[PDB]
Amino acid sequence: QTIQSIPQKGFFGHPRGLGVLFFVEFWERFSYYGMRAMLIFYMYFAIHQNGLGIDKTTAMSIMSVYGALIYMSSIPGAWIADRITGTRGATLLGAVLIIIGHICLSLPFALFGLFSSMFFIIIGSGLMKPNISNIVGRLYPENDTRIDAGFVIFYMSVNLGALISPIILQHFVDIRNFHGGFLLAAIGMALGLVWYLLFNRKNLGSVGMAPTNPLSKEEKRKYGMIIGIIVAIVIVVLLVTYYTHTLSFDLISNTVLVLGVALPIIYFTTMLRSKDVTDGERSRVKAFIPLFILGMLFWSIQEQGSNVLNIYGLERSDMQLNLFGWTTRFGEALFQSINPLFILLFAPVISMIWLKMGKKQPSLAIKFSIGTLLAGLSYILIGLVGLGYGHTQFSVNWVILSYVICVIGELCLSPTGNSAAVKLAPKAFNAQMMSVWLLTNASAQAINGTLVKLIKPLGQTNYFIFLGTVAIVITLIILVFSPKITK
């Protein structure tokens, strides 16, 4: 038994291993969100400003495609752990690969340093992200009730890292020391790695030391050829286009757009066509399709606060926080700290609101609809502010209000999405249903990579109104079918 080799207490009434993984996750999320907060400015800021001088639209597209690839790579990353290395090996290789990606950004390698960093962090995150989560849950015995509270604690390390890192790295953006800031994220990530190496063995024991479903001799030969062919075609295409000078980011953004559309179709089709899935289990799968659209519409608007809403704030607002006499300069990277702060303050609050309502509480479909409508209302708000002022510079309080409306929507949607990938899940497709809730974000970010190209022809203000309205109309059309969706 994997529970015999591990302490069952030691970190706030939870297995001691939760403490080890909380410190490790904190530092990976701190360094990920810190690098992320800086990356957008580092890309489009001029060369004289220690930036890369990349086209603003291209820099915006990269942010979304990068985000989409991190979430898409968790699919093979969980498979690798499940069939080859185990979750422990995969978490460790991921962590090492992630540190390499952070070092790439610290060195003076310009565009090479940027794309090589993305490569190592995409691969590392796909290996580390789903596998650290798996280890956390496997620390609790079969009938253990603490498991849900254990994840609530684990995900606090995520938002604490996401909250603190933009506050720390705002200074490096201000003095234009990007390499110094990316080095700080690198060192932060090394602290996380050092802690795992020091404490993993006695606290986590045998948990995830081997793959659950290892590959046969003929399966190693089969998968090896298929992946070999796919990887080789990908390297050939990338190299041939490079030296012929037909290699642009559109090659990546279009490929990832295709992937963001195809993967959800492939997943829903496989589940609705399976012989092992019962008609009752099949009915819950089709019931998830509207929740997938609602989820996608939410993350499309939400994930745009990292590349669209922040540049708009920097360029159109006074960047001056002003609340009841308290006036201060607001650093552009601090826009990334808004959403994790509100999650930290009001996620336990909302959890009690639903618990007091009990069974009389709103359904999965209503909660998702509330969240998406709020995401759409946050874009109608900022769109109307720009329309109202025109060329006139407005208060950053407006841009901050847009972030606050969106995160209030996330508090409705997020605990509801995570609980849906297990409830509406068939017995054989539990890991596959885990992929569809993760794909609501991977697909939204994949659409975002191409969607950002509409800002120039439509106009930034018309773009917020158009995207805001589309979100609200689709939500209102789905909302009327909410009683039938609940199965």
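The first residue of the sequence shown is number 1, and the count goes up from there.
When the two stretches 66 to 74 and 419 to 427 are set side by side, the higher mean Cα temperature factor goes to 419 to 427.
Stretches compared: 206 to 214, 398 to 406. Higher mean C-alpha B-factor in the entry: 206 to 214. Out of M296, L160, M357, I311, the entry records its largest CA B-factor for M357. Out of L247, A81, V96, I168, the entry records its largest CA B-factor for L247.
Among all modelled residues in its chain, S435 ranks in the highest third by Cα B-factor.
Among the modelled residues of its chain, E303 has a C-alpha B-factor that falls in the lowest third, as given in the PDB entry. Ranked within its chain, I123 lands in the lowest third, by CA B factor from the PDB record.
Ranked against the other modelled residues of its chain, the C-alpha B-factor of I135 as given in the entry falls in the lowest third. Ranked by Cα temperature factor within the chain, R146 sits in the middle third according to the deposited record.
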